[PDB]
Peer 1: 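Just dropping this structure here.
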Amino acid sequence: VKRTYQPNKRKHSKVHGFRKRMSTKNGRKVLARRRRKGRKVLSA
Amino acid sequence: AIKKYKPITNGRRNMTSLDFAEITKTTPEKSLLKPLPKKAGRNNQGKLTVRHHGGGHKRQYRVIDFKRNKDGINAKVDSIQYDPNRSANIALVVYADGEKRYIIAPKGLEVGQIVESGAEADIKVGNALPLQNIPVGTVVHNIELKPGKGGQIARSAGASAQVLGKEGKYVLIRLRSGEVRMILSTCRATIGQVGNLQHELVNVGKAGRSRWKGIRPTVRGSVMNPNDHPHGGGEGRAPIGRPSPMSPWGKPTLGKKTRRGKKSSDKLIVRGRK
RNA sequence: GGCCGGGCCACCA
RNA sequence: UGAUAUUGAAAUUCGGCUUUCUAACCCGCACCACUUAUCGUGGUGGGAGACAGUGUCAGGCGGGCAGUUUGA
RNA sequence: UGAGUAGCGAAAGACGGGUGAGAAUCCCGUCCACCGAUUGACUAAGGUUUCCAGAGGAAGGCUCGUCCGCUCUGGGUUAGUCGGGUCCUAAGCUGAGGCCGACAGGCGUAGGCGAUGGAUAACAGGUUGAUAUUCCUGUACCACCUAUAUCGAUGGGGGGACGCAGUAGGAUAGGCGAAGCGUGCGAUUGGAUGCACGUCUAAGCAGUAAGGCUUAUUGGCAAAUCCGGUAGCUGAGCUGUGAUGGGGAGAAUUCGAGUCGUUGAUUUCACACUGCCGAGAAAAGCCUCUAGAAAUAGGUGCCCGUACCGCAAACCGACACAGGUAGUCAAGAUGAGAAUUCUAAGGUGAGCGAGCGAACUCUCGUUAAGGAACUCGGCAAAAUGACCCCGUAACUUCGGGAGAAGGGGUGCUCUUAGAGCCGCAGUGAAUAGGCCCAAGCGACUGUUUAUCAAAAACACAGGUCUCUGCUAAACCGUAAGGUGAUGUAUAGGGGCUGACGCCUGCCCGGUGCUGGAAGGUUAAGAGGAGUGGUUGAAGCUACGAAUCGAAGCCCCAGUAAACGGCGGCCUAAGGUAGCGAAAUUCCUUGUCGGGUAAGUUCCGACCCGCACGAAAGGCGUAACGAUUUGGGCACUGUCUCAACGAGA
RNA sequence: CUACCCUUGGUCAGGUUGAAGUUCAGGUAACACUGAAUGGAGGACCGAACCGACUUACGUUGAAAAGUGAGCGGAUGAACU
RNA sequence: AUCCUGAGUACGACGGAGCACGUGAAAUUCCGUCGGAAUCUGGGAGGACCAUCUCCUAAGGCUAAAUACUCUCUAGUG
Ligand SMILES: [K+]
Ligand SMILES: [K+]
Ligand SMILES: [K+]
Ligand SMILES: [K+]
Ligand SMILES: [K+]
Ligand SMILES: [K+]
Ligand SMILES: [Mg+2]
Ligand SMILES: [Mg+2]
Ligand SMILES: [Mg+2]
Ligand SMILES: [Mg+2]
Ligand SMILES: [Mg+2]
Ligand SMILES: [Mg+2]
Ligand SMILES: [Mg+2]
Ligand SMILES: [Mg+2]
Ligand SMILES: [Mg+2]
Ligand SMILES: [Mg+2]
Ligand SMILES: [Mg+2]
Ligand SMILES: [Mg+2]
Ligand SMILES: [Mg+2]
Ligand SMILES: [Mg+2]
Ligand SMILES: [Mg+2]
Ligand SMILES: [Mg+2]
Ligand SMILES: [Mg+2]
Ligand SMILES: [Mg+2]
Ligand SMILES: [Mg+2]
Ligand SMILES: [Mg+2]
Ligand SMILES: [Mg+2]
Ligand SMILES: [Mg+2]
Ligand SMILES: [Mg+2]
Ligand SMILES: [Mg+2]
Ligand SMILES: [Mg+2]
Ligand SMILES: [Mg+2]
Ligand SMILES: [Mg+2]
Ligand SMILES: [Mg+2]
Ligand SMILES: [Mg+2]
Ligand SMILES: [Mg+2]
Ligand SMILES: [Mg+2]
Ligand SMILES: [Mg+2]
Ligand SMILES: [Mg+2]
Ligand SMILES: [Mg+2]
Ligand SMILES: [Mg+2]
Ligand SMILES: [Mg+2]
Ligand SMILES: [Mg+2]
Ligand SMILES: [Mg+2]
Ligand SMILES: [Mg+2]
Ligand SMILES: [Mg+2]
Ligand SMILES: [Mg+2]
Ligand SMILES: [Mg+2]
Ligand SMILES: [Mg+2]
Ligand SMILES: [Mg+2]
Ligand SMILES: [Mg+2]
Ligand SMILES: [Mg+2]
Ligand SMILES: [Mg+2]
Ligand SMILES: [Mg+2]
Ligand SMILES: [Mg+2]
Ligand SMILES: [Mg+2]
Ligand SMILES: [Mg+2]
Ligand SMILES: [Mg+2]
Ligand SMILES: [Mg+2]
Ligand SMILES: [Mg+2]
Ligand SMILES: [Mg+2]
Ligand SMILES: [Mg+2]
Ligand SMILES: [Mg+2]
Ligand SMILES: [Mg+2]
Ligand SMILES: [Mg+2]
Ligand SMILES: [Mg+2]
Ligand SMILES: [Mg+2]
Ligand SMILES: [Mg+2]
Ligand SMILES: [Mg+2]
Ligand SMILES: [Mg+2]
Ligand SMILES: [Mg+2]
Ligand SMILES: [Mg+2]
Ligand SMILES: [Mg+2]
Ligand SMILES: [Mg+2]
Ligand SMILES: [Mg+2]
Ligand SMILES: [Mg+2]
Ligand SMILES: [Mg+2]
Ligand SMILES: [Mg+2]
Ligand SMILES: [Mg+2]
């Protein structure tokens, strides 16, 4: 049966990518939180 | 006239349609078309704000000359055409200088007939004049509310209004709804009645034919749940169960008037209707 | 309780 | 829905009422320019006009929505 | 611990030979078997090295393992023309200025980004362990540059440029046949001398082509010789060349033939033509107008992707998981068919086996006599079934019902519809409607509780009420800005009803809605008579009645396809038509009749309607239904009543 | 994923039925009207692909956190993708 | 004390907020709306308010230190 995750490079980059995060204040808050926690990966 | 289909199927039973015998040309005029993507009742927020809109056939917009501001030049009617965007047919008119325009097709307008607009135009069907120069008792359509803005009243199939009198800078008109109101004397109107009178006679016949027109199904409030509608809930079928029938947004919806107060047009509306 | 001829208004031991 | 501010000039009639005016304010009206632009701003006409809209105050309606109560 | 227990994930393997310390499990061979509108071939997404070679066998692999999509080491993806960028726009996103907003921000103009669409120059053959329209060979094309002898729009106009169905044709691909020509083979099982295949070759460049379509003067911001007004272009395919090249059934690097018939597209001409209503993108490339201001030869041509899996062992499902995953190619026999069965191309034998042939479970086949007696219920199974020809009821909205029902035929051989031949049986396998009578509900096709409900529920076409005069009403939003609508009362929103037919009664007292009267009542505000405190007073200060003062509410009227109500003298009025033990009836298995040997269910009546009733519609109604309910024929292991056989 | 929607693409073996129109032959003062032919309409019929999910059997420490087998509904449309 | 000394200001009504303080005998501070002074014989406060007395001189601005914290750095401690 069809499952929830149907991968799509373009969709993934456009919704969760770096530039989409930079595009809003709350996305920049996400990036700041992840930098503060010390994550290796900040976004897609 | 109206075509009555034979009941070859349960869907075709009692279905009728226009025969399109007044349509003299079956394709539009290319230079006057414009794209018209569907909104499906969704506004600039992307949110549905009007229910029951969506789907339906693809349509191209026909640019219609509602203003009729090309004064002093004759125009010959070249063809009567189907317009998917409105109930009336439209007429392609060719001006004496070669300019081609679309106008609402009046009842009785014929190919080869000459229409003209302006203060000096004759009182004949398809001619557009200011209300100042239109005699009392004349049946008109495509009436402007503001000078130069273009006709806004009496534009659908079979629509008409009659001139009643002249009181100063306003002209008294009885509209198709039955309302009697004043309109500025410099506002233009076109002589005659809008054509395609049989438009309201069509028996749609089946649900799918409504779907082709972009109408999505209406769900009654009585079969919703209380969190969806004031009429929702109850065990089994239920009556209204409150003093007044209600809209889905919680407002009385049988007889309650909604015209707002203190409008600038109150002074201009002499007798109302609907 | 207020006011007017029962009706409107008012009432935070 | 009322008062008041924005809000100005004349009259008629009984602190008001009414009518007229234009110049505030308004126009999802027309044309013009910026400008290859159905936004905007400015200009000129037209319409409307001390109304409307908006602020503050006040009365009314208000399961549309909300916080809760509904004893032993 | 349970326990050496459950399981080891859809299936056909056998043997020989090899390798090895070790082999059902690896390699090779032969035979057998499975898929084949696909278990074959090729694209896309997604994955991201899983690809190739050599070496390995700790762990992973549901067993084994010498093997591997696992481990180690070394390798592998080649483009002016393929797909994308240096081209175009759609939805949508964004947005200089701008509009709006406690902040944060929201919206939006020009503009921009953005394919799933438009434009756009390369084909055939060969070659590797792993790449190929990319490398090589052959033959091309496109853009730009140079060398040797009118151009014109970030302007106008045209064009690009478009739905759905159906029909008749042209051509071609492909299929089949004869063997015309060629290439192999001619067989120790009784016979014959016949059996088995091949029959190709691109872009490009020339030529050809069935077909298909069809002069003057004066608004497109200035001008136009263009467009608008007025008084020939396209086109599948063919032929030659490309190519004495290449490939070839085969034979010994050399040689080796490319034809006749038939059928004929789902491909193409081509959305060409015809018809229809629901009326079917944009922009650039391109052509042209105006303002305005050659061939030939040689050379140059960038970036990104390119391995491999890809209807899966590599993607989504935690798995080497019976699931999910867009498009394309579409052989033969049979047939209407892409159904069915067997095959071709090509792929595959399923990552535990060996025995045995107990109970019991599951899947499958048969069954004496009977034939629904089973059971809540014929649940399941059985029966029906294709094609051709007869024949076909009530009812009906005249379409239908209808494939009603019910019958008949079918093999093979020969002769020109007959004559024969064989079997138990001839659509001899596989696949292919069970039907009829009656009632309830809903008109109908459709929709629904992803994952216990598919329905009588929702929707629906139709009806009616109501709102709405356009900056409409309604709706989203604080606003700006939007939807409604580039619509305008034959339109748009909301309520209820639910095809159609015949109809839809009584009550406006109450509530809601609509309109009237400005009589009573009321707030802010105005208006200030008067009074207290303090300083005989002003004065400062705390309060304070006349009266003016809106809507609402009270009052009056109307309105029931508004909310509602439809008696037991009382009311506002006391239920019309139709229907009725009903999807409604407690008593109740009401009573009577029909149907059965027997009928709490069913059908027809009665009316005593606990507690039907007219758009939360009444009563009917052809057609329709994986709906509910009763009856009947067929048929059967459902049952009497169980028996045997096959496999897991 | 799922619901609705927007833009732009794609897909639907075969068989059956036979609406409107048109032509002819009648018929008529004219028009109705009749018969044949043709024509090819439909949320039309049967039925693969495809989309569903009515019954039943199996599965229920599953092959599968919703499936499989056998039938079953739709299958040019309010279709599916 | 001849002139100057912060005006839509102080202040008031209504609605709110901040003050320990819930509008209360509520002074004192601020905001919106509307109104709106006095001018050294002036003005403000001393918890309603008035008079006297006392203290001060709003409606312009600037100002170290004592105080708060530790991602850090240096040296140490339990
Ligand atoms: K119409
Ligand atoms: K490659
Ligand atoms: K009543
Ligand atoms: K009433
Ligand atoms: K009864
Ligand atoms: K009842
Ligand atoms: Mg609607
Ligand atoms: Mg509905
Ligand atoms: Mg419900
Ligand atoms: Mg509610
Ligand atoms: Mg209710
Ligand atoms: Mg009920
Ligand atoms: Mg008001
Ligand atoms: Mg509540
Ligand atoms: Mg709480
Ligand atoms: Mg208790
Ligand atoms: Mg154990
Ligand atoms: Mg054991
Ligand atoms: Mg045990
Ligand atoms: Mg055991
Ligand atoms: Mg076992
Ligand atoms: Mg296995
Ligand atoms: Mg087979
Ligand atoms: Mg490998
Ligand atoms: Mg192992
Ligand atoms: Mg490896
Ligand atoms: Mg924006
Ligand atoms: Mg702002
Ligand atoms: Mg593309
Ligand atoms: Mg390869
Ligand atoms: Mg077009
Ligand atoms: Mg054709
Ligand atoms: Mg085919
Ligand atoms: Mg078509
Ligand atoms: Mg490859
Ligand atoms: Mg693999
Ligand atoms: Mg396996
Ligand atoms: Mg799998
Ligand atoms: Mg799968
Ligand atoms: Mg076929
Ligand atoms: Mg098959
Ligand atoms: Mg038997
Ligand atoms: Mg027997
Ligand atoms: Mg029998
Ligand atoms: Mg029985
Ligand atoms: Mg029994
Ligand atoms: Mg059954
Ligand atoms: Mg058959
Ligand atoms: Mg026979
Ligand atoms: Mg139904
Ligand atoms: Mg159905
Ligand atoms: Mg369910
Ligand atoms: Mg349950
Ligand atoms: Mg179900
Ligand atoms: Mg709009
Ligand atoms: Mg209903
Ligand atoms: Mg009903
Ligand atoms: Mg009634
Ligand atoms: Mg009344
Ligand atoms: Mg009042
Ligand atoms: Mg008052
Ligand atoms: Mg009872
Ligand atoms: Mg019986
Ligand atoms: Mg009965
Ligand atoms: Mg009822
Ligand atoms: Mg009713
Ligand atoms: Mg049976
Ligand atoms: Mg296909
Ligand atoms: Mg159908
Ligand atoms: Mg699929
Ligand atoms: Mg479903
Ligand atoms: Mg199935
Ligand atoms: Mg059916
Ligand atoms: Mg079907
Ligand atoms: Mg000072
Ligand atoms: Mg406070
Ligand atoms: Mg204070
Ligand atoms: Mg205080
Ligand atoms: Mg003070």
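Chain letters run A, B, ... following the sequence lines, proteins first and then strands; every chain starts at 1. Computed over heavy atoms, backbone and side chain alike; hydrogens, waters and symmetry mates excluded.
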Peer 1: Taking only nitrogen or oxygen atoms into account, show me every contact under 3.5 Å that the protein makes with nucleotides 36-46 of chain D, one pair per line with its distance.
Peer 2:
from	atom 1	to	atom 2	distance (Å)
D:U38	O4	B:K34	NZ	3.4

Peer 1: Considering only side-chain heavy atoms of B:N203, which listed nucleotide, E:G462, E:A443, E:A281, is closest?
Peer 2: E:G462
Peer 1: Determine the sugar pucker of C:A13: a positive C1'-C2'-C3'-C4' angle counts as north, a negative one as south.
Peer 2: south
Peer 1: If you check the B:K38 side chain, which of E:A279, F:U7, D:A48 turns out closest?
Peer 2: F:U7
Peer 1: To the side chain of B:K149, which of E:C444, E:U471, E:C496 is closest?
Peer 2: E:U471
Peer 1: Looking at A:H12, I'd like to know whether one of its side-chain N or O atoms comes within less than 4.0 Å of OP1 or OP2 on E:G46.
Peer 2: no
Peer 1: Report yes if the ring of B:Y61 lies under 5.5 Å from the six-membered base ring of E:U486 with planes under 30°, and no otherwise.
Peer 2: yes
Peer 1: Within less than 4.0 Å of OP1 or OP2 of E:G46, is there a side-chain N or O belonging to A:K11?
Peer 2: no
Peer 1: Tell me yes or no: between the side chains of B:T258 and B:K256, is some donor less than 3.5 Å from an acceptor?
Peer 2: no
Peer 1: Using a 4.0 Å heavy-atom cut-off across all strands, classify B:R155 as base, sugar-phosphate, or nothing.
Peer 2: base
Peer 1: Verify whether the stacking test passes for E:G549 and E:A550, with limits of 5.5 Å on the ring-centre separation and 30° on the angle between planes.
Peer 2: no
Peer 1: Where the side chain of B:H53 is defined as all heavy atoms beyond and including C-beta, which of E:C458, E:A623, E:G493 is the nearest nucleotide?
Peer 2: E:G493
Peer 1: North (positive) or south (negative) by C1'-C2'-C3'-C4': which describes G:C40?
Peer 2: south
Peer 1: Using atom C1' in both nucleotides, what's the gap between E:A582 and E:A456 to the nearest angstrom?
Peer 2: 15 Å
Peer 1: If you look only at distance, which donor and acceptor atoms sit under 3.5 Å apart when one is on a side chain in residues 219-243 of chain B and the other is two or more places apart or in another chain?
Peer 2:
from	atom 1	to	atom 2	distance (Å)
B:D228	OD2	B:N225	N	3.2
B:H229	ND1	B:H231	N	3.0
B:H231	NE2	B:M246	N	2.9

Peer 1: Please map the stems of RNA chain C, keeping only stretches of three or more Watson-Crick or G-U wobble pairs with both distances under 3.5 angstrom.
Peer 2: C:1-4 with C:6-9
Peer 1: Where the side chain of B:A207 is concerned, which of E:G498, F:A78, E:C500 is the nearest nucleotide?
Peer 2: F:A78
Peer 1: Kindly point out which of E:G105, E:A499, F:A44 is positioned nearest to the side chain of A:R28?
Peer 2: E:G105
Peer 1: Let me check something: any side-chain donor-acceptor pairs from residues 40-49 of chain B under 3.5 Å, sequence neighbours excluded? List them with distances.
Peer 2:
from	atom 1	to	atom 2	distance (Å)
B:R42	NH1	B:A40	O	3.1
B:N43	OD1	B:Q45	N	3.1
B:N43	OD1	B:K47	N	3.3
B:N43	ND2	B:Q45	OE1	3.0

Peer 1: Verify the contact: side-chain N or O of A:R3 to OP1 or OP2 of E:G324, cut-off strictly under 4.0 Å; return yes or no.
Peer 2: no
Peer 1: Which atom pairs link the protein and nucleotides 560-566 of chain E when you take only N or O atoms and keep those under 3.5 Å?
Peer 2:
from	atom 1	to	atom 2	distance (Å)
E:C563	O4'	B:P243	O	3.2
E:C563	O2'	B:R242	O	2.8
E:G564	OP1	B:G241	N	2.9

Peer 1: Would you mind calling the pucker of E:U366 north or south from its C1'-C2'-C3'-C4' torsion?
Peer 2: north
Peer 1: Applying ring-ring contact (aromatic ring centres under 6.0 Å, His included), name anything that partners A:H12, two or more places apart in sequence or on another chain.
Peer 2: A:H16
Peer 1: Under a cut-off of 3.5 Å for both distances of each Watson-Crick or G-U pair, what dot-bracket string does RNA chain D give, using [ ] for crossing pairs and | for inter-strand pairs?
Peer 2: ((((((.((((.(..).))))....((.((((((.....)))))))).....))))))..............
Peer 1: Looking at E:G494, I'd like to know if its phosphate oxygens (OP1 or OP2) sit under 4.0 Å from a side-chain N or O belonging to B:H52.
Peer 2: yes
Peer 1: Counting side-chain heavy atoms from C-beta on, which of E:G278, E:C316, E:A461 comes nearest to B:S210?
Peer 2: E:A461
Peer 1: Can you list the residues that meet the ring-ring contact (aromatic ring centres under 6.0 Å, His included) rule with B:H52, with sequence neighbours excluded?
Peer 2: none
Peer 1: I'd like a list of close polar pairs between nucleotides 476-480 of chain E and the protein, N/O only, cut-off under 3.5 Å.
Peer 2:
from	atom 1	to	atom 2	distance (Å)
E:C476	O3'	B:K47	NZ	3.1
E:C476	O2'	B:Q45	OE1	2.4
E:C476	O2'	B:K47	NZ	3.0
E:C476	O2	B:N43	ND2	3.1
E:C476	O2	B:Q45	OE1	3.2
E:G477	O4'	B:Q45	NE2	3.0

Peer 1: State whether the distance check finds a donor on one side and an acceptor on the other, under 3.5 Å, for side chain B:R13 versus base E:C500.
Peer 2: no
Peer 1: Counting only side-chain heavy atoms from C-beta out, which of E:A499, F:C1, E:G105 sits nearest to A:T4?
Peer 2: F:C1
Peer 1: Taking the side chain of A:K9 as its heavy atoms from C-beta onward, which of E:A473, E:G47, E:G228 lies nearest to it?
Peer 2: E:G47
Peer 1: Examine E:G469: is either OP1 or OP2 under 4.0 Å from a nitrogen or oxygen in the side chain of B:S177? Give yes or no.
Peer 2: no
Peer 1: Name the pairs: protein N/O against N/O of nucleotides 270-277 of chain E, kept only if under 3.5 Å.
Peer 2:
from	atom 1	to	atom 2	distance (Å)
E:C277	OP1	B:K3	NZ	3.0

Peer 1: Looking at F:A78, D:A48, E:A474, which one has an atom nearest to any side-chain atom of B:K206?
Peer 2: F:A78
Peer 1: Donor-acceptor pair under 3.5 Å: do we get one between B:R220's side chain and the base of E:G498?
Peer 2: yes
Peer 1: When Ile, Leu, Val, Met, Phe, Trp and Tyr are grouped by side-chain heavy atoms lying under 4.5 Å apart, directly or through other members, which residues fall in the same group as A:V30?
Peer 2: none
Peer 1: Cluster partners of B:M15, using ILVMFWY side-chain heavy atoms under 4.5 angstrom, listed by chain and number?
Peer 2: B:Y5
Peer 1: Between the base of E:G160 and the side chain of B:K30, is there a donor and acceptor pair under 3.5 angstrom?
Peer 2: yes
Peer 1: Under 4.0 Å between a side-chain N/O of B:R176 and OP1 or OP2 of E:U488, yes or no?
Peer 2: no
Peer 1: Does E:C460 have OP1 or OP2 sitting under 4.0 Å from an N or O in the side chain of B:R211?
Peer 2: no
Peer 1: Do G:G24 and G:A25 pass the stacking test of six-membered ring centres within less than 5.5 angstrom and planes tilted under 30 degrees?
Peer 2: no
